[PDB]
file entry16.cif (mmCIF, C-alpha atoms; chains and numbers go by the auth columns)
data_target
#
loop_
_atom_site.group_PDB
_atom_site.id
_atom_site.type_symbol
_atom_site.label_atom_id
_atom_site.label_comp_id
_atom_site.label_asym_id
_atom_site.label_seq_id
_atom_site.Cartn_x
_atom_site.Cartn_y
_atom_site.Cartn_z
_atom_site.B_iso_or_equiv
_atom_site.auth_seq_id
_atom_site.auth_asym_id
ATOM 1 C CA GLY A 1 -188.421 -82.680 150.391 0.00 1 Q
ATOM 2 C CA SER A 2 -191.555 -80.658 151.099 0.00 2 Q
ATOM 3 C CA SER A 3 -195.064 -82.126 151.119 0.00 3 Q
ATOM 4 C CA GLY A 4 -198.090 -81.720 148.872 0.00 4 Q
ATOM 5 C CA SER A 5 -200.668 -83.399 146.646 0.00 5 Q
ATOM 6 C CA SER A 6 -201.329 -83.832 142.925 0.00 6 Q
ATOM 7 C CA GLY A 7 -204.327 -83.862 140.605 0.00 7 Q
ATOM 8 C CA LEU A 8 -205.196 -84.131 136.919 0.00 8 Q
ATOM 9 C CA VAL A 9 -208.768 -82.982 136.295 0.00 9 Q
ATOM 10 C CA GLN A 10 -210.252 -80.504 133.822 0.00 10 Q
ATOM 11 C CA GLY A 11 -213.135 -79.884 131.438 0.00 11 Q
ATOM 12 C CA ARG A 12 -212.614 -77.928 128.226 0.00 12 Q
ATOM 13 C CA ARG A 13 -209.292 -77.858 126.376 0.00 13 Q
ATOM 14 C CA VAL A 14 -207.271 -74.954 124.975 0.00 14 Q
ATOM 15 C CA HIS A 15 -204.795 -75.275 122.106 0.00 15 Q
ATOM 16 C CA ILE A 16 -202.334 -72.498 121.272 0.00 16 Q
ATOM 17 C CA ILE A 17 -202.932 -72.154 117.532 0.00 17 Q
ATOM 18 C CA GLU A 18 -200.818 -69.080 116.795 0.00 18 Q
ATOM 19 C CA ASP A 19 -198.852 -68.072 119.892 0.00 19 Q
ATOM 20 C CA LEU A 20 -197.748 -64.442 120.176 0.00 20 Q
ATOM 21 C CA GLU A 21 -194.643 -63.226 118.346 0.00 21 Q
ATOM 22 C CA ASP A 22 -193.020 -60.101 119.786 0.00 22 Q
ATOM 23 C CA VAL A 23 -193.334 -56.337 120.231 0.00 23 Q
ATOM 24 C CA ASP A 24 -190.971 -53.365 120.446 0.00 24 Q
ATOM 25 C CA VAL A 25 -192.107 -49.741 120.657 0.00 25 Q
ATOM 26 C CA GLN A 26 -191.457 -46.543 122.609 0.00 26 Q
ATOM 27 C CA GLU A 27 -193.018 -46.573 126.078 0.00 27 Q
ATOM 28 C CA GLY A 28 -196.375 -44.826 126.320 0.00 28 Q
ATOM 29 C CA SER A 29 -197.579 -46.218 122.999 0.00 29 Q
ATOM 30 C CA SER A 30 -200.090 -48.979 122.266 0.00 30 Q
ATOM 31 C CA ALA A 31 -198.373 -52.347 121.858 0.00 31 Q
ATOM 32 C CA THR A 32 -200.539 -54.874 120.014 0.00 32 Q
ATOM 33 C CA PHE A 33 -200.335 -58.510 121.109 0.00 33 Q
ATOM 34 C CA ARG A 34 -202.258 -60.856 118.813 0.00 34 Q
ATOM 35 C CA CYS A 35 -202.606 -64.566 119.582 0.00 35 Q
ATOM 36 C CA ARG A 36 -204.742 -67.353 118.122 0.00 36 Q
ATOM 37 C CA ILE A 37 -205.972 -69.763 120.795 0.00 37 Q
ATOM 38 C CA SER A 38 -208.732 -72.365 120.507 0.00 38 Q
ATOM 39 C CA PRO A 39 -211.496 -72.665 120.900 0.00 39 Q
ATOM 40 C CA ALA A 40 -211.972 -69.620 118.671 0.00 40 Q
ATOM 41 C CA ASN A 41 -214.848 -68.731 120.997 0.00 41 Q
ATOM 42 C CA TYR A 42 -212.845 -69.128 124.205 0.00 42 Q
ATOM 43 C CA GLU A 43 -213.488 -66.729 127.086 0.00 43 Q
ATOM 44 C CA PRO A 44 -213.055 -65.045 129.291 0.00 44 Q
ATOM 45 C CA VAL A 45 -209.337 -64.530 128.679 0.00 45 Q
ATOM 46 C CA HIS A 46 -206.521 -63.541 131.036 0.00 46 Q
ATOM 47 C CA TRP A 47 -203.452 -61.406 130.335 0.00 47 Q
ATOM 48 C CA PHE A 48 -200.297 -61.016 132.424 0.00 48 Q
ATOM 49 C CA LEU A 49 -196.975 -59.208 132.014 0.00 49 Q
ATOM 50 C CA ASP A 50 -193.821 -60.447 133.740 0.00 50 Q
ATOM 51 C CA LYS A 51 -195.332 -60.497 137.230 0.00 51 Q
ATOM 52 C CA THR A 52 -198.462 -58.344 137.047 0.00 52 Q
ATOM 53 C CA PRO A 53 -202.062 -58.987 135.921 0.00 53 Q
ATOM 54 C CA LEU A 54 -203.762 -56.987 133.168 0.00 54 Q
ATOM 55 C CA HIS A 55 -207.407 -55.945 132.842 0.00 55 Q
ATOM 56 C CA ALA A 56 -209.261 -53.863 130.254 0.00 56 Q
ATOM 57 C CA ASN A 57 -209.587 -50.204 131.239 0.00 57 Q
ATOM 58 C CA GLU A 58 -209.329 -46.597 130.057 0.00 58 Q
ATOM 59 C CA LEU A 59 -205.812 -47.520 128.940 0.00 59 Q
ATOM 60 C CA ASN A 60 -205.863 -51.320 128.775 0.00 60 Q
ATOM 61 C CA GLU A 61 -207.505 -52.608 125.595 0.00 61 Q
ATOM 62 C CA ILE A 62 -208.480 -56.230 124.969 0.00 62 Q
ATOM 63 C CA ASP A 63 -210.264 -56.955 121.691 0.00 63 Q
ATOM 64 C CA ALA A 64 -211.572 -60.301 120.441 0.00 64 Q
ATOM 65 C CA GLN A 65 -211.066 -60.653 116.688 0.00 65 Q
ATOM 66 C CA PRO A 66 -212.804 -63.522 114.846 0.00 66 Q
ATOM 67 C CA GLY A 67 -211.030 -66.864 115.085 0.00 67 Q
ATOM 68 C CA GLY A 68 -209.803 -66.801 118.664 0.00 68 Q
ATOM 69 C CA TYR A 69 -207.703 -63.763 117.786 0.00 69 Q
ATOM 70 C CA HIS A 70 -207.226 -62.016 121.131 0.00 70 Q
ATOM 71 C CA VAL A 71 -205.627 -58.611 120.564 0.00 71 Q
ATOM 72 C CA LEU A 72 -204.194 -56.612 123.466 0.00 72 Q
ATOM 73 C CA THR A 73 -203.490 -52.910 122.953 0.00 73 Q
ATOM 74 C CA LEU A 74 -201.775 -51.746 126.141 0.00 74 Q
ATOM 75 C CA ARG A 75 -202.211 -47.986 125.767 0.00 75 Q
ATOM 76 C CA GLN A 76 -199.820 -45.686 127.627 0.00 76 Q
ATOM 77 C CA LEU A 77 -197.015 -48.153 128.339 0.00 77 Q
ATOM 78 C CA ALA A 78 -193.865 -47.657 130.414 0.00 78 Q
ATOM 79 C CA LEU A 79 -190.188 -48.619 130.249 0.00 79 Q
ATOM 80 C CA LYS A 80 -190.935 -50.846 133.240 0.00 80 Q
ATOM 81 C CA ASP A 81 -193.666 -52.690 131.342 0.00 81 Q
ATOM 82 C CA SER A 82 -190.876 -54.100 129.175 0.00 82 Q
ATOM 83 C CA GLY A 83 -190.992 -57.810 129.951 0.00 83 Q
ATOM 84 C CA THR A 84 -192.942 -60.736 128.522 0.00 84 Q
ATOM 85 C CA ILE A 85 -196.685 -61.086 127.955 0.00 85 Q
ATOM 86 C CA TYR A 86 -197.916 -64.248 129.672 0.00 86 Q
ATOM 87 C CA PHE A 87 -201.299 -65.063 128.136 0.00 87 Q
ATOM 88 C CA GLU A 88 -203.542 -67.541 129.952 0.00 88 Q
ATOM 89 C CA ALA A 89 -206.275 -69.801 128.579 0.00 89 Q
ATOM 90 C CA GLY A 90 -207.236 -73.120 130.141 0.00 90 Q
ATOM 91 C CA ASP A 91 -204.143 -75.305 130.408 0.00 91 Q
ATOM 92 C CA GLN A 92 -202.019 -73.244 128.018 0.00 92 Q
ATOM 93 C CA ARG A 93 -199.790 -70.186 128.401 0.00 93 Q
ATOM 94 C CA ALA A 94 -198.272 -68.026 125.663 0.00 94 Q
ATOM 95 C CA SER A 95 -195.087 -65.962 125.913 0.00 95 Q
ATOM 96 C CA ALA A 96 -194.085 -62.967 123.793 0.00 96 Q
ATOM 97 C CA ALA A 97 -191.041 -60.715 124.132 0.00 97 Q
ATOM 98 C CA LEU A 98 -192.569 -57.422 125.265 0.00 98 Q
ATOM 99 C CA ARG A 99 -189.906 -54.824 124.472 0.00 99 Q
ATOM 100 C CA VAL A 100 -190.348 -51.141 125.314 0.00 100 Q
ATOM 101 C CA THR A 101 -187.745 -48.433 124.717 0.00 101 Q
ATOM 102 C CA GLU A 102 -187.713 -44.745 125.642 0.00 102 Q
ATOM 103 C CA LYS A 103 -190.208 -42.285 124.158 0.00 103 Q
ATOM 104 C CA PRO A 104 -190.169 -38.612 123.088 0.00 104 Q
ATOM 105 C CA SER A 105 -193.140 -37.646 125.257 0.00 105 Q
ATOM 106 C CA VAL A 106 -193.334 -37.865 129.050 0.00 106 Q
ATOM 107 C CA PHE A 107 -195.673 -38.481 131.984 0.00 107 Q
ATOM 108 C CA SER A 108 -197.476 -41.653 130.907 0.00 108 Q
ATOM 109 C CA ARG A 109 -197.465 -44.549 133.372 0.00 109 Q
ATOM 110 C CA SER A 110 -196.159 -43.367 136.745 0.00 110 Q
ATOM 111 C CA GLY A 111 -198.716 -44.668 139.223 0.00 111 Q
ATOM 112 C CA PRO A 112 -202.054 -45.809 137.758 0.00 112 Q
ATOM 113 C CA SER A 113 -202.794 -48.383 140.460 0.00 113 Q
ATOM 114 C CA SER A 114 -201.461 -47.459 143.901 0.00 114 Q
ATOM 115 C CA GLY A 115 -200.532 -50.751 145.538 0.00 115 Q
#
call {"tool": "encode", "arguments": {"input": "entry16.cif", "output": "C-alpha coordinates"}}
result
Amino acid sequence: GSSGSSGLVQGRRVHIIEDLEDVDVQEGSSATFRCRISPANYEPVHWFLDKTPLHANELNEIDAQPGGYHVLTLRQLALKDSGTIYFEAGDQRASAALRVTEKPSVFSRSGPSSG
(Lines of atoms letter the chains of each structure in order from A and count residues from 1; the text may use other names and numbers.)
(Lines give C-alpha, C1' and ligand atoms only; values in the text may rest on other atoms or scores of the structure.)
Protein backbone atom coordinates (compact mmCIF):
# COMPACT_ATOMS: atom_id res chain seq x y z
CA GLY A 1 0.00 0.00 0.00
CA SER A 2 2.52 2.59 1.15
CA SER A 3 5.44 3.80 -0.97
CA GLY A 4 9.20 3.39 -0.72
CA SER A 5 12.41 2.21 -2.37
CA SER A 6 14.78 -0.75 -2.14
CA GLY A 7 18.52 -1.35 -2.29
CA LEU A 8 21.07 -4.14 -1.94
CA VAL A 9 24.56 -2.72 -1.44
CA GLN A 10 27.25 -3.43 1.15
CA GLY A 11 30.97 -3.96 1.67
CA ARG A 12 32.25 -6.36 4.32
CA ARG A 13 30.29 -9.41 5.45
CA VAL A 14 29.44 -10.70 8.93
CA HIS A 15 28.68 -14.34 9.72
CA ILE A 16 27.17 -15.38 13.05
CA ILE A 17 29.56 -18.17 14.05
CA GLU A 18 28.32 -18.89 17.57
CA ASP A 19 25.16 -16.88 18.28
CA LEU A 20 24.34 -16.13 21.92
CA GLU A 21 22.64 -18.74 24.09
CA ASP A 22 20.75 -17.38 27.10
CA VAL A 23 21.09 -15.80 30.55
CA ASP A 24 19.16 -15.86 33.82
CA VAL A 25 20.31 -14.14 37.02
CA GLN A 26 19.02 -11.89 39.79
CA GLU A 27 18.66 -8.26 38.72
CA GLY A 28 21.59 -6.03 39.66
CA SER A 29 24.16 -8.68 38.79
CA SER A 30 26.49 -8.93 35.79
CA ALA A 31 24.96 -11.01 33.00
CA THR A 32 27.55 -12.29 30.54
CA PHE A 33 26.56 -12.49 26.87
CA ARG A 34 29.19 -14.21 24.72
CA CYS A 35 28.83 -14.45 20.94
CA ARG A 36 31.19 -15.49 18.15
CA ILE A 37 30.76 -13.36 15.03
CA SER A 38 33.10 -13.08 12.05
CA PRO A 39 35.28 -11.57 11.12
CA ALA A 40 37.02 -12.38 14.40
CA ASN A 41 38.44 -8.85 14.18
CA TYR A 42 35.09 -7.17 13.53
CA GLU A 43 34.41 -3.77 15.09
CA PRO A 44 33.07 -1.63 16.33
CA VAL A 45 30.19 -3.69 17.70
CA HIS A 46 26.66 -2.70 18.72
CA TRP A 47 24.50 -4.09 21.53
CA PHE A 48 20.77 -3.65 22.10
CA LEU A 49 18.23 -5.00 24.59
CA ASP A 50 14.55 -5.33 23.68
CA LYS A 51 14.14 -1.71 22.59
CA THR A 52 17.10 0.17 24.05
CA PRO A 53 20.73 0.67 22.95
CA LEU A 54 23.71 -0.31 25.10
CA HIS A 55 27.11 1.37 25.43
CA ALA A 56 30.15 0.61 27.59
CA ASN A 57 30.22 2.62 30.81
CA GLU A 58 30.84 2.53 34.57
CA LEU A 59 28.28 -0.28 34.63
CA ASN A 60 28.12 -1.47 31.02
CA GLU A 61 31.01 -3.77 30.12
CA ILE A 62 31.89 -4.87 26.59
CA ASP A 63 35.00 -7.03 26.23
CA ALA A 64 36.50 -8.44 23.03
CA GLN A 65 37.89 -11.94 23.58
CA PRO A 66 40.09 -13.51 20.87
CA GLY A 67 38.18 -15.06 17.98
CA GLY A 68 35.36 -12.58 17.54
CA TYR A 69 34.20 -13.42 21.06
CA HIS A 70 32.26 -10.32 22.12
CA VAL A 71 31.41 -10.56 25.82
CA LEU A 72 28.89 -8.20 27.41
CA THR A 73 28.81 -7.91 31.20
CA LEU A 74 25.84 -5.67 31.99
CA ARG A 75 26.68 -4.73 35.58
CA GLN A 76 23.87 -3.60 37.87
CA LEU A 77 20.90 -4.97 35.93
CA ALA A 78 17.18 -4.52 36.60
CA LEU A 79 14.00 -6.60 36.46
CA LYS A 80 13.01 -4.36 33.55
CA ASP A 81 16.18 -5.24 31.63
CA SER A 82 14.72 -8.74 31.30
CA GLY A 83 14.16 -9.08 27.57
CA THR A 84 16.34 -10.22 24.68
CA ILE A 85 19.83 -9.09 23.70
CA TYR A 86 19.82 -7.98 20.07
CA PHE A 87 23.45 -7.96 18.93
CA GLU A 88 24.31 -6.10 15.72
CA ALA A 89 27.19 -6.66 13.30
CA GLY A 90 27.00 -5.83 9.60
CA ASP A 91 24.03 -7.63 8.08
CA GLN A 92 23.52 -10.04 10.98
CA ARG A 93 21.63 -9.87 14.28
CA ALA A 94 21.82 -12.26 17.23
CA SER A 95 19.09 -12.92 19.79
CA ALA A 96 19.49 -14.32 23.30
CA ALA A 97 16.85 -14.79 26.00
CA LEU A 98 17.87 -12.21 28.61
CA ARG A 99 16.14 -13.36 31.80
CA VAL A 100 16.39 -11.41 35.05
CA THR A 101 14.62 -12.33 38.29
CA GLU A 102 14.42 -10.53 41.63
CA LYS A 103 17.50 -9.95 43.79
CA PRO A 104 18.26 -9.84 47.54
CA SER A 105 19.84 -6.38 47.41
CA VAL A 106 18.13 -3.15 46.36
CA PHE A 107 18.66 0.22 44.68
CA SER A 108 20.52 -0.76 41.51
CA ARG A 109 19.08 0.50 38.22
CA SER A 110 16.37 3.08 38.91
CA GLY A 111 17.27 5.97 36.63
CA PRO A 112 20.80 5.94 35.17
CA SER A 113 19.92 7.83 31.99
CA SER A 114 17.14 10.39 32.42
CA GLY A 115 15.28 10.42 29.11
call {"tool": "atom_distance", "arguments": {"input": "entry16.cif", "atom1": "atom CA of residue Q:85", "atom2": "atom CA of residue Q:60"}}
result
13.4 Å
call {"tool": "axis_aligned_box", "arguments": {"input": "entry16.cif", "around": "stretch 97-101 of chain Q", "padding_each_side": "4 Å", "output": "AutoDock Vina command-line options"}}
result
--center_x -190.2 --center_y -54.6 --center_z 124.7 --size_x 12.8 --size_y 20.3 --size_z 9.2
call {"tool": "closest_residue", "arguments": {"input": "entry16.cif", "among": "Q:8, Q:16, Q:59, Q:98", "to": "residue Q:76", "atoms": "all atoms listed in the file"}}
result
Q:59
call {"tool": "closest_residue", "arguments": {"input": "entry16.cif", "among": "Q:3, Q:13, Q:22, Q:44", "to": "residue Q:63", "atoms": "only C-alpha atoms"}}
result
Q:44
call {"tool": "closest_residue", "arguments": {"input": "entry16.cif", "among": "Q:96, Q:89, Q:56, Q:9", "to": "residue Q:40", "atoms": "all atoms listed in the file"}}
result
Q:89
